[PDB]
Amino acid sequence: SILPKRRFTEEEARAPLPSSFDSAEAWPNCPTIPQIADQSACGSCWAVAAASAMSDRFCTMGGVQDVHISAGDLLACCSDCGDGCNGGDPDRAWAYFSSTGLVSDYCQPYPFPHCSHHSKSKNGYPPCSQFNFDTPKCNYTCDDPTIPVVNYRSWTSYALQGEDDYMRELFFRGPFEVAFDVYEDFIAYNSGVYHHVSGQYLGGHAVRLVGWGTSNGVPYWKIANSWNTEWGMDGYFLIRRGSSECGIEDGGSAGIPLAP
Ligand SMILES: *[C@@H]1O[C@H](CO)[C@@H](O[C@@H]2O[C@H](CO)[C@@H](O)[C@H](O)[C@H]2NC(C)=O)[C@H](O)[C@H]1NC(C)=O
Ligand code: NA
């Protein structure tokens, strides 16, 4: 990891964490948390999950109730992060949030429309396979140039590893970015607690971690996916917690938004 490891204070460390936890119920006055993103026909999961968590953390920590951080800005302008719509690194996305900063969804709206990721779309989105999107151009003015550019920054970035870090960080500071390996059997998930049993490896996938809990003696993470609200359980999925399922507990990325 390029980011420094998160160290917990003596007070944070000794906190008795609850058997279940939900970020939306923990910060009920933060409207960005329960919102689900759509990355569209682009490999921008690394950027979209980051911008979602940064938006959440401006409410949990930054003192701003409802600001949406522009995934598009991060996607296009962080060339050191990866190759835009062809994949990137969550760690470097958070490093960019502090060293340079990001505009809001209002300044630079996400350039790609809704599309269907699994199969059938009840709202009538075209298939995402129908679209082939290149990495958008990095812009330095708001799409509507008459809207002033407001730049949003964090003041620190750190990495996280393992069940306890994830839980402890989530509890104190809210949603952050994690990553895991996708297999064929994940694509059609719609219920239950996910566990890889069959299917070919497809690729890495960055996502936003919002909660934990236990269902019928099976501990799990509650995760916000970025395949719009029609995928999984209303945009979310549950995954096995405790034994790094698909490497979900191998690396997490987070930081603290600065009050502007
Ligand atoms: C930066 O602005 C440019 C130009 O306004 C955007 O590029 C256009 O994006 C639309 C919607 O995806 C496409 O239909 C056009 O073909 C693009 N035009 C050109 C000239 O590139 C771009 O999406 C913006 N970038 C971001 C990150 O918002
Ligand atoms: Na840990």
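Residues numbered from 1 in each chain as written, not as in the entry; some residues may be left out. Chains lettered and ligands numbered in written order. Heavy atoms only, no water. Residues with missing side-chain atoms left out of burial classes, pairs and counts.

Method information in the entry identifies X-ray crystallography as the source of the structure, with 2.55 Å recorded as the resolution.

## Remarks on the pattern of salt bridges
Tallying each qualifying case throughout the model produces nine salt bridges. The residue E12 makes a salt bridge to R173 at a minimum N-O spacing of 4.0 Å. Of this pair, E12 sits in helix α1 (residues 10–13) while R173 sits in helix α6 (residues 163–173); the two residues are 161 residues apart in sequence, bridging distant segments of the chain. According to the relative accessible area criterion, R173 is buried, its value standing at 16%. Notably, a salt bridge pairs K222 with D22, separated by 3.0 Å at the nearest N-O pair. (Salt bridge = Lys/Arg side-chain N within 4 Å of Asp/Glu carboxyl O. Helix = DSSP H or I, 4+ residues; strand = E, 2+ residues; numbered from the N terminus. Buried < 20%, exposed > 50% of the residue type's maximum accessible area, 1.4 Å probe, protein only.)

## A look at the nonpolar core
If you look at the biggest cluster of nonpolar residues, it comprises 33 residues, and the most contacted ones within it are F180, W221, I223 and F237. Of all the elements in the fold, those that place two or more residues in this core are β2 (154–160), α6, β3 (176–183), β5 (201–215), β6 (218–224), β7 (236–240) and β8 (252–257). The biggest single contributor to this core is β3, with four residues. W46, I69, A93 and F112 belong to the second-largest nonpolar core, a separate cluster that totals 28 residues. (Core = buried A, V, L, I, M, F, W, Y, C linked by side-chain atoms within 4.5 Å.)

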